[PDB]
Structures are given as structure tokens and as C-alpha cells.
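Q: Dropping a structure here in C-alpha cells format, bear with me for questions.
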Amino acid sequence: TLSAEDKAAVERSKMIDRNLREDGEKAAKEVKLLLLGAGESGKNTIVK
Amino acid sequence: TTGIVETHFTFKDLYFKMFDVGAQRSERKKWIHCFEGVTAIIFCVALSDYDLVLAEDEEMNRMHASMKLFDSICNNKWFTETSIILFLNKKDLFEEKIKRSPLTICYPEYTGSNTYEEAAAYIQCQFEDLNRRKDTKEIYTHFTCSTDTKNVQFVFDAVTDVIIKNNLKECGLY
Amino acid sequence: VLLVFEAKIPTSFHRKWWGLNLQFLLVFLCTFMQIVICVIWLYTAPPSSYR
């Protein structure tokens, strides 16, 4: 029905997808903030 | 090297990530849609820049340029539901320079005294009134300085408010 | 409302817990226990009118 290489490809795809799910779940839990202004805008000081 | 700068920090069990894009000296209408899904936009404006002038034009106050940039990024077609956290910086230099020079130098129709509070509230109002979309986004304003950690506290509280209101809108309860 | 205010992270799983149809389903569970009791009552020993 399927070749041994075919099963190996299937389980490799499943492992890749599982890792992708874990990485997406991890990336879901953080807050992304976009910092804007100018060089002499206190931007560096506020980063400090 | 140049490019976007990425910063991480944990505060009260939340992992804040911030992206500095000041190094991008090019057209912003080609990469700003990458940050469409951000919780908040932290905008820094130096209060002591009303007396200063940008040397590029020699007739251009840096405060007017800051106002233009804030308005452009606030009413963008992509940030129609994104909150903005304003940081009015260098309050002390403003405190002495308002004693030296009035705010009329920047806004010709100020019509006020030289005290810190009136001018501070005036600049805050002039910035916040540039928010044409007064329904689906909010501006949280601070005055920073104090050489302390209250800034991260303000950012944390504002982000928590943004998250809660996002959930409320998703539920329809707001 | 309480579940919405309890969240402090971009929600993934508990978001499934405040959907409108799920709210109506919970209302259904409660009223369904009530109607089950009422139906069993009216089927086993129904009330009557007495002089």
C-alpha cells in the first residue's frame, strides 16, 4: 500500500507539524509592541 | 548592523517584545503592514523639542514633525483598532525652557502662561485631538522621566487594559 | 462577564468558553433538567381537579 520511505516521510511530516504546533502555542503567549518616534525623542531613554 | 531591533523583557509574568524600526531609512508604505497585528504602538515625543528646529528645513519645529508622524501612524488604514501609548519625554528640560521661553514659539495660538502644567496639558491635548478615530482605539499618555521603573508599570497596565477591551469587543460587550 | 475579565493573555482556549451558542447551550442544560423533572411528573402521577 505504501513504501517504507513513504511512511518515513509521513512521520517526518507529522513531527514537523507537531513542532510547528508547539512553536505556535509558545508564540501565542507574548505581547508584541511597536516602538516609534525619532532619535532625539527619548526613544533610547525609554528603552532604558 | 542596521535593521529592526528586537527587545525582550518579562514583567509580572508577561513577555513583552518590542521592535525598533528607526533604522529603516526608506518608504514606510511598504513594510508597515507587517506590524498590523501588534498589541500596542509606543510613541515617544520629546517635549523639549518645541524650541528646537530641524536643520533639514530650518523652518520646521521638531514638534510639528513629531505631530505629523504621530498623525500618520495613528490614522493609518492598518492601525484602525490598535492602541497607542504616548510618552512625553524630557519633562525637566521643558520645565526650565518654559520658564525661559513660552510655548507660543511652537503653537502660535497657545494663549497661556509660562507654567509647566498648562503647557504640558496643552501639548497632550494637541497630540490626542489628532486621533480622528475616537471609537475603536485609545491613547494612553504618560510623562516618563522620574528616573524610575514606573514606565514599565504604565506599559503593563495599558497593555492589560488593551487586552481586556479586545476581549470585550470580541464578545460584543463593548 | 467574569470569564472575560479574568483573562489577561491573548486568549486561545478560554475564548471557546464565551461563545454565544455555548451560552445558549448552558441555559438549555439548566432549563432541560427542569423540563425533564416536569415531564416525568406529568407522565407518572399527573395532577387533577377535585370537588
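Here, A, B, ... name the chains of the C-alpha cells in the order displayed, residue numbers run from 1 inside each chain, and ligands are numbered from 1 in the same displayed order.
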Within 7 Å of chain C, which residues of chain B show up when using only C-alpha atoms, listed as a count of residues only?

A: 5

Q: At most 8 Å is the cut-off: for each residue in chain A with any atom that close to an atom of chain C, write down the nearest atom pair and the distance in Å rounded to one decimal, counting only C-alpha atoms, chain first then increasing number, as a Markdown table.

A:
| residue | atom | partner | partner_atom | distance |
| --- | --- | --- | --- | --- |
| A:28 | CA | C:10 | CA | 7.1 |
| A:29 | CA | C:9 | CA | 6.7 |
| A:30 | CA | C:9 | CA | 8.0 |

Q: I need the chain B residues near chain A as a PDB file with N, CA and C atoms, in the first residue's frame; criterion: at most 6 Å, counting only C-alpha atoms.

A:
ATOM      1  N   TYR B  15       5.601  38.473  28.790  1.00  0.00           N
ATOM      2  CA  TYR B  15       6.825  38.525  27.988  1.00  0.00           C
ATOM      3  C   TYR B  15       6.649  39.584  26.906  1.00  0.00           C
ATOM      4  N   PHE B  16       7.072  40.812  27.205  1.00  0.00           N
ATOM      5  CA  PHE B  16       6.956  41.909  26.256  1.00  0.00           C
ATOM      6  C   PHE B  16       8.081  41.868  25.230  1.00  0.00           C
ATOM      7  N   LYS B  17       7.698  41.984  23.960  1.00  0.00           N
ATOM      8  CA  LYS B  17       8.611  42.063  22.827  1.00  0.00           C
ATOM      9  C   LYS B  17       8.388  43.392  22.122  1.00  0.00           C
ATOM     10  N   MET B  18       9.466  44.124  21.868  1.00  0.00           N
ATOM     11  CA  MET B  18       9.377  45.435  21.241  1.00  0.00           C
ATOM     12  C   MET B  18      10.309  45.528  20.043  1.00  0.00           C
ATOM     13  N   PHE B  19       9.842  46.212  19.000  1.00  0.00           N
ATOM     14  CA  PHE B  19      10.513  46.252  17.705  1.00  0.00           C
ATOM     15  C   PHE B  19      10.807  47.707  17.348  1.00  0.00           C
ATOM     16  N   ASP B  20      12.081  48.079  17.397  1.00  0.00           N
ATOM     17  CA  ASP B  20      12.526  49.406  16.995  1.00  0.00           C
ATOM     18  C   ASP B  20      12.821  49.415  15.500  1.00  0.00           C
ATOM     19  N   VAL B  38      -0.211  44.006  16.107  1.00  0.00           N
ATOM     20  CA  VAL B  38       0.546  44.324  17.312  1.00  0.00           C
ATOM     21  C   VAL B  38      -0.432  44.778  18.382  1.00  0.00           C
ATOM     22  N   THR B  39      -0.107  44.479  19.640  1.00  0.00           N
ATOM     23  CA  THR B  39      -0.988  44.863  20.735  1.00  0.00           C
ATOM     24  C   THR B  39      -1.060  46.377  20.878  1.00  0.00           C
ATOM     25  N   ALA B  40       0.082  47.056  20.809  1.00  0.00           N
ATOM     26  CA  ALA B  40       0.090  48.497  21.012  1.00  0.00           C
ATOM     27  C   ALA B  40       1.281  49.121  20.298  1.00  0.00           C
ATOM     28  N   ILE B  41       1.158  50.422  20.043  1.00  0.00           N
ATOM     29  CA  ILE B  41       2.200  51.222  19.410  1.00  0.00           C
ATOM     30  C   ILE B  41       2.674  52.247  20.427  1.00  0.00           C
ATOM     31  N   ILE B  42       3.923  52.126  20.856  1.00  0.00           N
ATOM     32  CA  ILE B  42       4.517  53.024  21.837  1.00  0.00           C
ATOM     33  C   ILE B  42       5.202  54.157  21.093  1.00  0.00           C
ATOM     34  N   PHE B  43       4.706  55.376  21.279  1.00  0.00           N
ATOM     35  CA  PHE B  43       5.169  56.540  20.539  1.00  0.00           C
ATOM     36  C   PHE B  43       5.867  57.511  21.477  1.00  0.00           C
ATOM     37  N   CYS B  44       7.126  57.821  21.180  1.00  0.00           N
ATOM     38  CA  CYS B  44       7.927  58.713  22.008  1.00  0.00           C
ATOM     39  C   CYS B  44       7.966  60.100  21.384  1.00  0.00           C
ATOM     40  N   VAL B  45       7.658  61.121  22.183  1.00  0.00           N
ATOM     41  CA  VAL B  45       7.689  62.512  21.744  1.00  0.00           C
ATOM     42  C   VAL B  45       8.414  63.322  22.802  1.00  0.00           C
ATOM     43  N   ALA B  46       9.469  64.026  22.404  1.00  0.00           N
ATOM     44  CA  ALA B  46      10.273  64.807  23.338  1.00  0.00           C
ATOM     45  C   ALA B  46       9.643  66.186  23.499  1.00  0.00           C
ATOM     46  N   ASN B  89       8.433  62.931  26.761  1.00  0.00           N
ATOM     47  CA  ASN B  89       9.729  62.784  27.402  1.00  0.00           C
ATOM     48  C   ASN B  89      10.370  64.130  27.723  1.00  0.00           C
TER      49      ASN B  89
END

Q: Mind pulling up the distance from atom CA of residue B:77 to atom CA of residue B:32?

A: 10.4 Å

Q: Quick one: DSSP strand (DSSP E or B) residues in stretch 17-167 of chain B, as a VMD selection string?

A: chain B and resid 17 to 20 40 to 46 53 to 54 60 to 61 83 to 89 139 to 142

Q: Give me, please, the distance in Å between atom CA of residue B:156 and atom CA of residue B:12, quoted to one decimal.

A: 8.2 Å

Q: DSSP on the backbone, helix (DSSP H, G or I) only: what residues of chain B does that give? Format it as a tab-separated table (two decimals) with N, CA and C atoms, in the first residue's frame.

A:
chain	number	residue	atom	x	y	z
B	28	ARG	N	7.98	53.91	4.14
B	28	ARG	CA	7.29	53.16	5.17
B	28	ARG	C	5.98	52.56	4.69
B	29	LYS	N	5.53	52.91	3.49
B	29	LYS	CA	4.29	52.38	2.94
B	29	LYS	C	4.46	50.99	2.33
B	30	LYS	N	5.56	50.30	2.64
B	30	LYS	CA	5.87	49.01	2.04
B	30	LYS	C	6.18	47.94	3.07
B	32	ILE	N	5.05	48.59	6.69
B	32	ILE	CA	4.30	48.90	7.90
B	32	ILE	C	3.11	47.98	8.09
B	33	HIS	N	2.66	47.30	7.03
B	33	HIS	CA	1.59	46.33	7.14
B	33	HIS	C	2.07	45.01	7.73
B	34	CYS	N	3.37	44.87	7.96
B	34	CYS	CA	3.90	43.73	8.69
B	34	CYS	C	3.56	43.77	10.17
B	35	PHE	N	3.48	44.97	10.75
B	35	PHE	CA	3.11	45.16	12.14
B	35	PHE	C	1.62	45.38	12.33
B	47	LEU	N	9.23	66.51	24.72
B	47	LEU	CA	8.58	67.79	24.98
B	47	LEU	C	9.52	68.97	24.78
B	48	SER	N	10.81	68.79	25.00
B	48	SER	CA	11.78	69.88	24.91
B	48	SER	C	12.11	70.25	23.47
B	49	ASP	N	11.38	69.72	22.49
B	49	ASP	CA	11.69	69.94	21.08
B	49	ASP	C	10.86	71.06	20.46
B	62	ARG	N	10.74	70.47	15.39
B	62	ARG	CA	10.69	69.03	15.53
B	62	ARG	C	9.39	68.56	16.17
B	63	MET	N	8.73	69.43	16.94
B	63	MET	CA	7.43	69.07	17.49
B	63	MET	C	6.39	68.93	16.40
B	64	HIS	N	6.42	69.80	15.39
B	64	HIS	CA	5.49	69.66	14.27
B	64	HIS	C	5.75	68.38	13.49
B	65	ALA	N	7.02	68.02	13.31
B	65	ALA	CA	7.34	66.76	12.64
B	65	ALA	C	6.86	65.57	13.46
B	66	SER	N	7.02	65.64	14.78
B	66	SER	CA	6.51	64.58	15.65
B	66	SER	C	5.00	64.47	15.53
B	67	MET	N	4.32	65.62	15.49
B	67	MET	CA	2.87	65.61	15.32
B	67	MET	C	2.48	64.97	14.00
B	68	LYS	N	3.20	65.30	12.93
B	68	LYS	CA	2.90	64.72	11.62
B	68	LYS	C	3.09	63.21	11.64
B	69	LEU	N	4.19	62.75	12.22
B	69	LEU	CA	4.46	61.31	12.26
B	69	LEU	C	3.41	60.59	13.09
B	70	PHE	N	3.05	61.16	14.24
B	70	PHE	CA	2.04	60.56	15.10
B	70	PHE	C	0.69	60.48	14.40
B	71	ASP	N	0.31	61.54	13.70
B	71	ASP	CA	-0.96	61.52	12.97
B	71	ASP	C	-0.93	60.50	11.85
B	72	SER	N	0.20	60.41	11.13
B	72	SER	CA	0.30	59.48	10.02
B	72	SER	C	0.19	58.04	10.51
B	73	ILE	N	0.86	57.71	11.61
B	73	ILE	CA	0.84	56.34	12.09
B	73	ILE	C	-0.42	56.04	12.90
B	74	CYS	N	-1.14	57.08	13.35
B	74	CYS	CA	-2.34	56.86	14.15
B	74	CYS	C	-3.55	56.57	13.28
B	91	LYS	N	10.59	65.96	30.46
B	91	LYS	CA	9.73	66.94	31.11
B	91	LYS	C	10.53	67.99	31.86
B	92	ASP	N	11.72	67.65	32.34
B	92	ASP	CA	12.52	68.61	33.09
B	92	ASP	C	13.08	69.71	32.19
B	93	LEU	N	13.69	69.34	31.05
B	93	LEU	CA	14.16	70.37	30.14
B	93	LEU	C	13.02	71.28	29.71
B	94	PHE	N	11.83	70.71	29.51
B	94	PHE	CA	10.66	71.53	29.26
B	94	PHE	C	10.36	72.44	30.44
B	95	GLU	N	10.56	71.94	31.66
B	95	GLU	CA	10.26	72.73	32.85
B	95	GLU	C	11.12	73.98	32.92
B	96	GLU	N	12.42	73.86	32.63
B	96	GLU	CA	13.22	75.09	32.61
B	96	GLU	C	12.96	75.94	31.37
B	97	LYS	N	12.83	75.31	30.20
B	97	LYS	CA	12.73	76.10	28.97
B	97	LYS	C	11.40	76.82	28.84
B	98	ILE	N	10.33	76.34	29.49
B	98	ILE	CA	9.08	77.09	29.50
B	98	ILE	C	9.22	78.32	30.39
B	99	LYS	N	10.03	78.22	31.44
B	99	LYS	CA	10.38	79.40	32.22
B	99	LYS	C	11.17	80.38	31.38
B	100	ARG	N	12.06	79.88	30.53
B	100	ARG	CA	12.78	80.76	29.61
B	100	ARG	C	11.89	81.25	28.48
B	103	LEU	N	5.48	78.66	25.18
B	103	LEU	CA	5.11	77.65	24.19
B	103	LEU	C	4.58	78.27	22.90
B	104	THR	N	4.34	79.58	22.88
B	104	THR	CA	3.82	80.24	21.68
B	104	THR	C	4.78	80.10	20.51
B	105	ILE	N	6.06	79.84	20.80
B	105	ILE	CA	7.08	79.68	19.77
B	105	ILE	C	6.71	78.52	18.85
B	116	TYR	N	4.46	75.07	33.92
B	116	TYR	CA	4.68	73.75	33.34
B	116	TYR	C	3.37	73.04	33.04
B	117	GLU	N	2.39	73.16	33.94
B	117	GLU	CA	1.18	72.34	33.84
B	117	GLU	C	0.33	72.73	32.64
B	118	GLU	N	0.11	74.04	32.44
B	118	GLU	CA	-0.71	74.49	31.33
B	118	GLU	C	-0.13	74.02	30.00
B	119	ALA	N	1.17	74.24	29.80
B	119	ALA	CA	1.80	73.85	28.55
B	119	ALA	C	1.82	72.34	28.38
B	120	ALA	N	2.05	71.59	29.46
B	120	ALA	CA	2.05	70.14	29.36
B	120	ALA	C	0.69	69.62	28.93
B	121	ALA	N	-0.37	70.10	29.59
B	121	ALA	CA	-1.72	69.69	29.21
B	121	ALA	C	-2.05	70.13	27.80
B	122	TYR	N	-1.54	71.29	27.39
B	122	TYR	CA	-1.81	71.79	26.05
B	122	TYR	C	-1.18	70.89	24.99
B	123	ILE	N	0.07	70.49	25.20
B	123	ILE	CA	0.73	69.61	24.23
B	123	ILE	C	0.04	68.25	24.21
B	124	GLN	N	-0.34	67.75	25.39
B	124	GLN	CA	-1.06	66.49	25.44
B	124	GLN	C	-2.37	66.57	24.65
B	125	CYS	N	-3.11	67.66	24.82
B	125	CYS	CA	-4.38	67.81	24.12
B	125	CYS	C	-4.16	67.93	22.61
B	126	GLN	N	-3.16	68.71	22.21
B	126	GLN	CA	-2.90	68.88	20.78
B	126	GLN	C	-2.49	67.56	20.14
B	127	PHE	N	-1.83	66.69	20.91
B	127	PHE	CA	-1.49	65.38	20.38
B	127	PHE	C	-2.71	64.47	20.31
B	128	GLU	N	-3.53	64.46	21.36
B	128	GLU	CA	-4.63	63.50	21.42
B	128	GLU	C	-5.77	63.88	20.49
B	150	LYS	N	8.47	53.26	36.82
B	150	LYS	CA	7.03	53.41	36.64
B	150	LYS	C	6.62	53.33	35.18
B	151	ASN	N	7.57	53.50	34.26
B	151	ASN	CA	7.24	53.43	32.84
B	151	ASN	C	6.81	52.03	32.43
B	152	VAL	N	7.54	51.00	32.87
B	152	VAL	CA	7.16	49.64	32.54
B	152	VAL	C	5.84	49.28	33.22
B	153	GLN	N	5.61	49.83	34.41
B	153	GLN	CA	4.33	49.62	35.08
B	153	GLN	C	3.18	50.21	34.27
B	154	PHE	N	3.36	51.42	33.75
B	154	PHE	CA	2.33	52.05	32.94
B	154	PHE	C	2.08	51.24	31.67
B	155	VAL	N	3.16	50.76	31.04
B	155	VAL	CA	3.01	49.95	29.84
B	155	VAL	C	2.26	48.66	30.15
B	156	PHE	N	2.59	48.02	31.27
B	156	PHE	CA	1.91	46.79	31.66
B	156	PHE	C	0.42	47.03	31.89
B	157	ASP	N	0.08	48.08	32.63
B	157	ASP	CA	-1.32	48.36	32.91
B	157	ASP	C	-2.08	48.69	31.63
B	158	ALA	N	-1.48	49.49	30.75
B	158	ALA	CA	-2.14	49.85	29.50
B	158	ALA	C	-2.32	48.63	28.60
B	159	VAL	N	-1.33	47.74	28.55
B	159	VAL	CA	-1.48	46.52	27.75
B	159	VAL	C	-2.57	45.63	28.32
B	160	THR	N	-2.66	45.54	29.65
B	160	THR	CA	-3.73	44.75	30.26
B	160	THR	C	-5.09	45.32	29.91
B	161	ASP	N	-5.22	46.65	29.94
B	161	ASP	CA	-6.47	47.29	29.53
B	161	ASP	C	-6.78	47.00	28.07
B	162	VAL	N	-5.77	47.07	27.20
B	162	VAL	CA	-5.99	46.81	25.78
B	162	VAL	C	-6.47	45.38	25.57
B	163	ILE	N	-5.85	44.43	26.27
B	163	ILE	CA	-6.25	43.03	26.12
B	163	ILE	C	-7.69	42.83	26.58
B	164	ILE	N	-8.03	43.40	27.74
B	164	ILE	CA	-9.38	43.23	28.26
B	164	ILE	C	-10.41	43.84	27.31
B	165	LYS	N	-10.14	45.04	26.80
B	165	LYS	CA	-11.09	45.66	25.89
B	165	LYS	C	-11.17	44.92	24.57
B	166	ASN	N	-10.07	44.31	24.11
B	166	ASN	CA	-10.13	43.49	22.91
B	166	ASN	C	-11.05	42.29	23.12
B	167	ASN	N	-10.94	41.64	24.28
B	167	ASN	CA	-11.84	40.53	24.59
B	167	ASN	C	-13.28	41.01	24.67
B	168	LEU	N	-13.51	42.18	25.26
B	168	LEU	CA	-14.87	42.71	25.36
B	168	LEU	C	-15.46	42.98	23.98
B	169	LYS	N	-14.68	43.58	23.08
B	169	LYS	CA	-15.17	43.80	21.72
B	169	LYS	C	-15.43	42.47	21.01
B	170	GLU	N	-14.55	41.49	21.20
B	170	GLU	CA	-14.75	40.19	20.57
B	170	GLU	C	-16.02	39.53	21.07
B	171	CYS	N	-16.38	39.76	22.33
B	171	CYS	CA	-17.65	39.28	22.86
B	171	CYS	C	-18.83	40.17	22.49

Q: What is the atom CA of residue B:51 to atom CA of residue B:130 distance in Å?

A: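 Straight-line distance from atom CA of residue B:51 to atom CA of residue B:130 works out to 21.1 Å.
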